[PDB]
Amino acid sequence: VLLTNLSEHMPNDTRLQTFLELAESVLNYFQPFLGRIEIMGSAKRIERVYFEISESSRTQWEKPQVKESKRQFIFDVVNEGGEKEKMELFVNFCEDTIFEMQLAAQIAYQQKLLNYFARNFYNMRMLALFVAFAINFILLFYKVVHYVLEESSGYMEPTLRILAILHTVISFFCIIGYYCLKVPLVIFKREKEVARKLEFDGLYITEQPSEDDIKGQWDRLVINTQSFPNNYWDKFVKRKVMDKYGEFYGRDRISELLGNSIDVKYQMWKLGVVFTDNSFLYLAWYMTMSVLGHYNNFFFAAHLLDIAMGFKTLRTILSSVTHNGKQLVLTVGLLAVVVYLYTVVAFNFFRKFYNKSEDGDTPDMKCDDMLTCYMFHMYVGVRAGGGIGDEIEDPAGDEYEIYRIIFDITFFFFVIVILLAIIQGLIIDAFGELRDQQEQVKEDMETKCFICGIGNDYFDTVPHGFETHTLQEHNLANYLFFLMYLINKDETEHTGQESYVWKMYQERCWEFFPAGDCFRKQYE
Amino acid sequence: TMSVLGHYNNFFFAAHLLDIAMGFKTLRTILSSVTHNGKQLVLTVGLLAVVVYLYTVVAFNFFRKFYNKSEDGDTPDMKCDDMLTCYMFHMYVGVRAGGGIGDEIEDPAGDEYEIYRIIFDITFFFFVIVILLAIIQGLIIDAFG
Amino acid sequence: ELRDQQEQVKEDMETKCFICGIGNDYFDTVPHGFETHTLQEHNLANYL
Ligand SMILES: Nc1ncnc2c1ncn2[C@@H]1O[C@H](COP(=O)(O)OP(=O)(O)OP(=O)(O)O)[C@@H](O)[C@H]1O
Ligand SMILES: Nc1ncnc2c1ncn2[C@@H]1O[C@H](COP(=O)(O)OP(=O)(O)OP(=O)(O)O)[C@@H](O)[C@H]1O
Ligand SMILES: Cn1c(=O)c2c(ncn2C)n(C)c1=O
Ligand SMILES: [Ca+2]
Ligand SMILES: [Zn+2]
Ligand SMILES: [Zn+2]
């Protein structure tokens, strides 16, 4: 570090170069370990910082529980979320990702088994799909009561009965394995958001949140429990509120409010936050059809919709229906009224044309009943290609001839041409827009620096120039390793920077991330 | 190698007309636009072939009695109550039509499943032909666009 | 097009000051910076 810290700080020194060059088995041994950041260090001028990256933590920014959490976060902040909480959303990501890298290290005999399932989750939900093809390939051979036939050999229908009871087993081993891989994380982001709300702000003492914000009201059941911050690493949050609010209000009211055999009020609260978590319910519904898959074999054909949740350019299709969805109900709400408004006119003038019959000798079928004339238009008039002039007798020799051409030629030119274009239009332009936001993030991170926010133009200006600015000088992984490194340092051991940062991290100002300039934007 | 095969049959000199494709510019672009965006194309036809399958399981397990490609019952009536044959009935007739599946299905009027079968058709038109066969054409034209 | 003009007004008022006509870039430059320029310094209700 010392040989580095002069080469970075003082260039144009020929004495140091031959001095540096004989240490090349050392500097090119430690460059795996030499994490560099840049901060605005207390003097209104920006200086480098050098530290130690451990090796048990360089190999846990692999292990794709974390890399899944990175690519969700990176797409989260740079899409929406303004500058006033950009970096505050960064440190709120680095706080959680340390808890994942502790969870990744620990991943009677039951504890040995339970870590086999949380380890192999992504490699087991993939197996729960390949079985569901082999059910819905075998199930294609049915014939009519419904008995299966064979085409290959005699041993076909037992292999369905084997692969069906196997599928309930695997789909039960993918909500066990989900229960010990992601549920401890969503517990942690819930406990932080309650512990950092009653303490730094106070709501169960001062605000008392209303009947709106339901998840505020459910959190009231956990503060009376004993082992409250079970994952939030901060086991003295109970005493910090008493020393903060025990004098404006009673020291006895707070101690009533706060405080083989297990805690029961916490365990009732832990399940209360799993079942409203959105990604867990799909893992339940994917399992509860498997139990229903033995009452009838066809229910393993609803497991093919894991193609939808399981890919990327098919997850976007499924999301495009409800992305623009609020304008969608209001338009179908207009389409169902215009077709109704063309049913009142057709009922009150034109009963005599509506014959779905066969040439009059048949006891002719009519559509002179209001609800049945209504469902005649919605089922035949919309879905046709020419409007309503198809299933209506040809008007030629009639008193209402011109008064009925107008009734058809608007119907085609007001419902099928217009109103069933901007129904398809609000779905395709949803998919045409949502596939662009996931392309801008692919671009907005490759022509801008994340933490500086500078640009590819200024930082290029040398051969191979943006690459080194994001692989040495910022490299936002390093800003997470740095805040992992402060924790293992003793508080007496903090150097000059590492206790101006760590003090600022407690008060949470975040003025020390380099806002505008980096290093080369003030030197030369 | 088609020219050598062009003497075993004269029609094989009609596969040499595709040198119009490799040989121009604004027709080389058409040919390349199919596979330029092609990775999202298989994943979507991979969804279209599953939704139509998922509407075959429902139609097989509830609605055999409507699927008559026959002539008025005195004919030894043709059915579609066989799973693979009901599947290729939807992929060949239900997609390529203009109104979904309410064309080659008998008109449901006096039935116990009347409202439960309008819903089976009006989604099929509003989930496969309107949506899913727009963003199949959409991934080809916006590739060329 | 008409659903876009009602989206630009939703944007042209949230990345510009109405009466200054300055922009979100210059007035941000501090933590929480455009919000106070339009809730104290101009806030066009106050001019009414
Ligand atoms: N501050 C930054 N930190 C890291 N990367 C940055 C930063 N600013 C811009 N980038 C760009 O973002 C890219 C990082 O995204 P990239 O996809 O390469 O990550 P990855 O290691 O490939 O993992 P994944 O593909 O899962 O995201 C870098 O190549 C870099 O060009
Ligand atoms: N000069 C300005 N005066 C007021 N608002 C401004 C001005 N310049 C920009 N703005 C932006 O316009 C927004 C005001 O529109 P906003 O929709 O918030 O009004 P509102 O109080 O919510 O009422 P309504 O929703 O009915 O318009 C402010 O939040 C501000 O960000
Ligand atoms: C113990 N501990 C902390 O003390 C801590 C932390 N993050 C911030 N702090 C302050 N983490 C993740 C942590 O485990
Ligand atoms: Ca010291
Ligand atoms: Zn930078
Ligand atoms: Zn102004």
# chains A, B, ... in the order shown; residues from 1 in each chain; ligands from 1
call {"tool": "residues_near_ligand", "arguments": {"ligand": "ligand 3", "cutoff": "10 Å", "atoms": "only C-alpha atoms and all ligand atoms", "output": "JSON, numbers by chain"}}
result
{"A": [91, 92, 94, 95, 96, 97, 98, 99, 100, 101, 102, 231, 232, 233, 234, 235, 483, 484, 486, 487, 488, 502, 505, 506]}
call {"tool": "interface_residues", "arguments": {"of": "chain A", "to": "chain B", "cutoff": "6 Å", "atoms": "only C-alpha atoms", "output": "number ranges by chain"}}
result
A: 140, 142-143, 383-384
call {"tool": "residues_near_ligand", "arguments": {"ligand": "ligand 5", "cutoff": "7 Å", "atoms": "only C-alpha atoms and all ligand atoms", "output": "ChimeraX atom specification"}}
result
/A:449-454,469-470,474,518
call {"tool": "write_last_selection", "arguments": {"atoms": "N, CA and C atoms", "output": "PDB file, in the first residue's frame"}}
result
ATOM      1  N   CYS A 449     -20.887   7.267 -15.136  1.00  0.00           N
ATOM      2  CA  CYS A 449     -20.375   6.672 -13.919  1.00  0.00           C
ATOM      3  C   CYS A 449     -21.516   6.633 -12.930  1.00  0.00           C
ATOM      4  N   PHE A 450     -21.567   5.590 -12.117  1.00  0.00           N
ATOM      5  CA  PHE A 450     -22.704   5.481 -11.221  1.00  0.00           C
ATOM      6  C   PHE A 450     -22.608   6.499 -10.094  1.00  0.00           C
ATOM      7  N   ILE A 451     -21.453   6.609  -9.443  1.00  0.00           N
ATOM      8  CA  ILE A 451     -21.338   7.381  -8.211  1.00  0.00           C
ATOM      9  C   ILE A 451     -20.857   8.799  -8.477  1.00  0.00           C
ATOM     10  N   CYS A 452     -19.979   8.979  -9.454  1.00  0.00           N
ATOM     11  CA  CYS A 452     -19.642  10.327  -9.886  1.00  0.00           C
ATOM     12  C   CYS A 452     -20.765  10.951 -10.694  1.00  0.00           C
ATOM     13  N   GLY A 453     -21.261  10.233 -11.695  1.00  0.00           N
ATOM     14  CA  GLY A 453     -22.218  10.796 -12.623  1.00  0.00           C
ATOM     15  C   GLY A 453     -21.527  11.743 -13.570  1.00  0.00           C
ATOM     16  N   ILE A 454     -20.523  11.251 -14.289  1.00  0.00           N
ATOM     17  CA  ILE A 454     -19.653  12.119 -15.070  1.00  0.00           C
ATOM     18  C   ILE A 454     -19.879  11.928 -16.558  1.00  0.00           C
ATOM     19  N   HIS A 469     -11.673   3.716 -14.814  1.00  0.00           N
ATOM     20  CA  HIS A 469     -12.327   4.546 -13.816  1.00  0.00           C
ATOM     21  C   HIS A 469     -13.357   3.752 -13.041  1.00  0.00           C
ATOM     22  N   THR A 470     -13.944   2.742 -13.648  1.00  0.00           N
ATOM     23  CA  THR A 470     -14.911   1.935 -12.938  1.00  0.00           C
ATOM     24  C   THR A 470     -14.368   0.596 -12.490  1.00  0.00           C
ATOM     25  N   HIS A 474     -13.749   3.830  -8.702  1.00  0.00           N
ATOM     26  CA  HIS A 474     -14.956   3.702  -7.897  1.00  0.00           C
ATOM     27  C   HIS A 474     -15.379   2.259  -7.694  1.00  0.00           C
ATOM     28  N   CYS A 518     -13.983  13.827  -9.352  1.00  0.00           N
ATOM     29  CA  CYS A 518     -13.461  12.557  -8.869  1.00  0.00           C
ATOM     30  C   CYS A 518     -12.024  12.640  -8.381  1.00  0.00           C
TER      31      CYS A 518
END
call {"tool": "interface_residues", "arguments": {"of": "chain C", "to": "chain A", "cutoff": "8 Å", "atoms": "only C-alpha atoms", "output": "PyMOL selection string"}}
result
chain C and resi 31-33
call {"tool": "residues_near_ligand", "arguments": {"ligand": "ligand 2", "cutoff": "6 Å", "atoms": "only C-alpha atoms and all ligand atoms", "output": "ChimeraX atom specification"}}
result
/C:13-14,16-19,38,42-44
call {"tool": "select_by_dssp", "arguments": {"residues": "chain C", "states": "helix (DSSP H, G or I)", "output": "PDB file with C-alpha atoms, in the first residue's frame"}}
result
ATOM      1  CA  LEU C   2     -52.485  13.849 -27.304  1.00  0.00           C
ATOM      2  CA  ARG C   3     -51.626  11.454 -24.505  1.00  0.00           C
ATOM      3  CA  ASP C   4     -48.061  12.694 -24.769  1.00  0.00           C
ATOM      4  CA  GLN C   5     -48.748  16.429 -24.470  1.00  0.00           C
ATOM      5  CA  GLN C   6     -50.435  15.670 -21.162  1.00  0.00           C
ATOM      6  CA  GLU C   7     -47.307  13.807 -20.173  1.00  0.00           C
ATOM      7  CA  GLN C   8     -44.903  16.549 -21.152  1.00  0.00           C
ATOM      8  CA  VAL C   9     -46.724  19.064 -18.950  1.00  0.00           C
ATOM      9  CA  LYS C  10     -46.367  16.537 -16.139  1.00  0.00           C
ATOM     10  CA  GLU C  11     -42.636  16.624 -16.879  1.00  0.00           C
ATOM     11  CA  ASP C  12     -42.031  20.215 -18.037  1.00  0.00           C
ATOM     12  CA  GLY C  33     -32.662  21.204  -3.640  1.00  0.00           C
ATOM     13  CA  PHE C  34     -35.423  21.770  -6.163  1.00  0.00           C
ATOM     14  CA  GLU C  35     -38.080  21.155  -3.537  1.00  0.00           C
ATOM     15  CA  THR C  36     -37.212  24.180  -1.435  1.00  0.00           C
ATOM     16  CA  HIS C  37     -36.847  26.474  -4.414  1.00  0.00           C
ATOM     17  CA  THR C  38     -40.473  25.868  -5.278  1.00  0.00           C
ATOM     18  CA  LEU C  39     -41.818  25.644  -1.742  1.00  0.00           C
ATOM     19  CA  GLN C  40     -40.221  28.786  -0.393  1.00  0.00           C
ATOM     20  CA  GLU C  41     -38.578  30.974  -2.968  1.00  0.00           C
TER      21      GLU C  41
END
call {"tool": "closest_atom_pairs", "arguments": {"of": "chain A", "to": "ligand 1", "cutoff": "10 Å", "atoms": "only C-alpha atoms and all ligand atoms", "output": "tab-separated table"}}
result
residue	atom	partner	partner_atom_place_in_ligand_line	distance
A:61	CA	ligand 1	21 (O)	9.7
A:62	CA	ligand 1	21 (O)	9.4
A:64	CA	ligand 1	26 (O)	8.8
A:66	CA	ligand 1	26 (O)	9.5
A:67	CA	ligand 1	26 (O)	5.7
A:68	CA	ligand 1	26 (O)	7.3
A:69	CA	ligand 1	26 (O)	9.4
A:70	CA	ligand 1	27 (O)	7.2
A:71	CA	ligand 1	27 (O)	5.8
A:72	CA	ligand 1	27 (O)	9.5
A:74	CA	ligand 1	27 (O)	8.3
A:75	CA	ligand 1	27 (O)	9.8
A:441	CA	ligand 1	12 (O)	9.8
A:442	CA	ligand 1	17 (O)	8.1
A:443	CA	ligand 1	11 (C)	9.0
A:444	CA	ligand 1	9 (C)	8.3
A:445	CA	ligand 1	9 (C)	4.9
A:446	CA	ligand 1	11 (C)	4.8
A:447	CA	ligand 1	9 (C)	7.1
A:448	CA	ligand 1	9 (C)	5.9
A:449	CA	ligand 1	8 (N)	3.9
A:450	CA	ligand 1	1 (N)	4.0
A:451	CA	ligand 1	1 (N)	5.4
A:452	CA	ligand 1	1 (N)	7.4
A:453	CA	ligand 1	8 (N)	8.3
A:454	CA	ligand 1	8 (N)	9.4
A:455	CA	ligand 1	9 (C)	9.1
A:456	CA	ligand 1	9 (C)	9.1
A:466	CA	ligand 1	31 (O)	7.3
A:467	CA	ligand 1	31 (O)	6.2
A:468	CA	ligand 1	31 (O)	9.2
A:469	CA	ligand 1	1 (N)	8.1
A:470	CA	ligand 1	2 (C)	5.0
A:471	CA	ligand 1	4 (C)	7.1
A:472	CA	ligand 1	3 (N)	9.4
A:473	CA	ligand 1	1 (N)	8.6
A:474	CA	ligand 1	1 (N)	5.6
A:475	CA	ligand 1	3 (N)	4.0
A:476	CA	ligand 1	3 (N)	4.4
A:477	CA	ligand 1	3 (N)	7.0
A:478	CA	ligand 1	3 (N)	8.8
A:479	CA	ligand 1	3 (N)	9.5
call {"tool": "residues_near_ligand", "arguments": {"ligand": "ligand 4", "cutoff": "6 Å", "atoms": "only C-alpha atoms and all ligand atoms", "output": "number ranges by chain"}}
result
A: 492-494
call {"tool": "atom_distance", "arguments": {"atom1": "atom CA of residue B:128", "atom2": "atom CA of residue A:126"}}
result
27.0 Å
call {"tool": "residues_around", "arguments": {"residues": "residue B:67", "least_positions_apart": "4", "cutoff": "8 Å", "atoms": "only C-alpha atoms", "output": "PyMOL selection string"}}
result
chain B and resi 63+79-81+104-106
call {"tool": "write_last_selection", "arguments": {"atoms": "N, CA, C and O atoms", "output": "mmCIF file, in the first residue's frame"}}
result
data_model
loop_
_atom_site.group_PDB
_atom_site.id
_atom_site.type_symbol
_atom_site.label_atom_id
_atom_site.label_comp_id
_atom_site.auth_asym_id
_atom_site.auth_seq_id
_atom_site.Cartn_x
_atom_site.Cartn_y
_atom_site.Cartn_z
ATOM 1 N N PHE B 63 -65.724 -29.445 -22.966
ATOM 2 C CA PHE B 63 -66.503 -29.082 -24.144
ATOM 3 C C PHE B 63 -66.309 -29.984 -25.354
ATOM 4 O O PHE B 63 -66.072 -29.470 -26.449
ATOM 5 N N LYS B 79 -65.393 -35.819 -34.745
ATOM 6 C CA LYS B 79 -65.224 -35.189 -33.456
ATOM 7 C C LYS B 79 -63.821 -34.625 -33.336
ATOM 8 O O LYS B 79 -63.002 -34.718 -34.250
ATOM 9 N N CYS B 80 -63.558 -34.016 -32.190
ATOM 10 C CA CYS B 80 -62.230 -33.582 -31.802
ATOM 11 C C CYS B 80 -61.991 -33.907 -30.336
ATOM 12 O O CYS B 80 -61.452 -33.096 -29.579
ATOM 13 N N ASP B 81 -62.447 -35.075 -29.900
ATOM 14 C CA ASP B 81 -62.206 -35.559 -28.542
ATOM 15 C C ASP B 81 -61.014 -36.501 -28.494
ATOM 16 O O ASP B 81 -61.104 -37.631 -28.033
ATOM 17 N N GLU B 104 -65.162 -22.225 -36.071
ATOM 18 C CA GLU B 104 -65.347 -23.671 -36.212
ATOM 19 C C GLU B 104 -65.728 -24.303 -34.876
ATOM 20 O O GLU B 104 -65.096 -25.218 -34.372
ATOM 21 N N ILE B 105 -66.790 -23.772 -34.292
ATOM 22 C CA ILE B 105 -67.455 -24.318 -33.119
ATOM 23 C C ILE B 105 -68.933 -24.037 -33.300
ATOM 24 O O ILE B 105 -69.303 -22.965 -33.783
ATOM 25 N N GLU B 106 -69.771 -25.026 -32.987
ATOM 26 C CA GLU B 106 -71.211 -24.878 -33.123
ATOM 27 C C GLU B 106 -71.724 -23.764 -32.219
ATOM 28 O O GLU B 106 -71.185 -23.518 -31.142
#
call {"tool": "select_by_dssp", "arguments": {"residues": "stretch 33-225 of chain A", "states": "strand (DSSP E or B)", "output": "PDB file with N, CA, C and O atoms, in the first residue's frame"}}
result
ATOM      1  N   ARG A  36      -9.598   0.203  -3.548  1.00  0.00           N
ATOM      2  CA  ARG A  36      -9.421   1.647  -3.539  1.00  0.00           C
ATOM      3  C   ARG A  36     -10.771   2.300  -3.741  1.00  0.00           C
ATOM      4  O   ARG A  36     -11.519   1.891  -4.625  1.00  0.00           O
ATOM      5  N   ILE A  37     -11.095   3.298  -2.930  1.00  0.00           N
ATOM      6  CA  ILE A  37     -12.277   4.113  -3.178  1.00  0.00           C
ATOM      7  C   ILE A  37     -11.822   5.551  -3.279  1.00  0.00           C
ATOM      8  O   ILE A  37     -10.623   5.810  -3.315  1.00  0.00           O
ATOM      9  N   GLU A  38     -12.752   6.490  -3.402  1.00  0.00           N
ATOM     10  CA  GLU A  38     -12.436   7.906  -3.290  1.00  0.00           C
ATOM     11  C   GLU A  38     -13.543   8.581  -2.510  1.00  0.00           C
ATOM     12  O   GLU A  38     -14.715   8.297  -2.743  1.00  0.00           O
ATOM     13  N   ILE A  39     -13.189   9.467  -1.583  1.00  0.00           N
ATOM     14  CA  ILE A  39     -14.169  10.165  -0.762  1.00  0.00           C
ATOM     15  C   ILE A  39     -13.796  11.631  -0.668  1.00  0.00           C
ATOM     16  O   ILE A  39     -12.674  12.027  -0.971  1.00  0.00           O
ATOM     17  N   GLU A  47      -9.723  12.825  -1.699  1.00  0.00           N
ATOM     18  CA  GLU A  47      -8.507  12.059  -1.518  1.00  0.00           C
ATOM     19  C   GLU A  47      -8.798  10.575  -1.618  1.00  0.00           C
ATOM     20  O   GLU A  47      -9.884  10.134  -1.262  1.00  0.00           O
ATOM     21  N   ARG A  48      -7.823   9.804  -2.080  1.00  0.00           N
ATOM     22  CA  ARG A  48      -7.984   8.362  -2.127  1.00  0.00           C
ATOM     23  C   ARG A  48      -8.015   7.760  -0.733  1.00  0.00           C
ATOM     24  O   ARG A  48      -7.698   8.409   0.258  1.00  0.00           O
ATOM     25  N   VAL A  49      -8.433   6.500  -0.673  1.00  0.00           N
ATOM     26  CA  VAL A  49      -8.510   5.686   0.536  1.00  0.00           C
ATOM     27  C   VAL A  49      -8.137   4.277   0.119  1.00  0.00           C
ATOM     28  O   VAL A  49      -8.581   3.817  -0.931  1.00  0.00           O
ATOM     29  N   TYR A  50      -7.322   3.589   0.901  1.00  0.00           N
ATOM     30  CA  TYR A  50      -6.886   2.249   0.543  1.00  0.00           C
ATOM     31  C   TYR A  50      -7.180   1.339   1.713  1.00  0.00           C
ATOM     32  O   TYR A  50      -7.073   1.764   2.861  1.00  0.00           O
ATOM     33  N   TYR A 142     -54.015 -38.417 -24.104  1.00  0.00           N
ATOM     34  CA  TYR A 142     -55.298 -38.885 -23.603  1.00  0.00           C
ATOM     35  C   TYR A 142     -56.316 -39.026 -24.728  1.00  0.00           C
ATOM     36  O   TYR A 142     -56.140 -38.497 -25.825  1.00  0.00           O
ATOM     37  N   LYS A 143     -57.392 -39.748 -24.437  1.00  0.00           N
ATOM     38  CA  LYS A 143     -58.449 -40.000 -25.411  1.00  0.00           C
ATOM     39  C   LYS A 143     -59.699 -40.377 -24.641  1.00  0.00           C
ATOM     40  O   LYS A 143     -59.602 -40.980 -23.572  1.00  0.00           O
ATOM     41  N   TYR A 147     -59.645 -42.414 -20.422  1.00  0.00           N
ATOM     42  CA  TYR A 147     -58.595 -43.386 -20.185  1.00  0.00           C
ATOM     43  C   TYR A 147     -57.418 -43.077 -21.089  1.00  0.00           C
ATOM     44  O   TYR A 147     -57.598 -42.667 -22.235  1.00  0.00           O
ATOM     45  N   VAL A 148     -56.227 -43.270 -20.574  1.00  0.00           N
ATOM     46  CA  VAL A 148     -55.027 -43.058 -21.366  1.00  0.00           C
ATOM     47  C   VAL A 148     -54.894 -44.218 -22.339  1.00  0.00           C
ATOM     48  O   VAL A 148     -55.458 -45.294 -22.126  1.00  0.00           O
TER      49      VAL A 148
END
call {"tool": "atom_distance", "arguments": {"atom1": "atom CA of residue A:415", "atom2": "atom CA of residue A:321"}}
result
20.8 Å
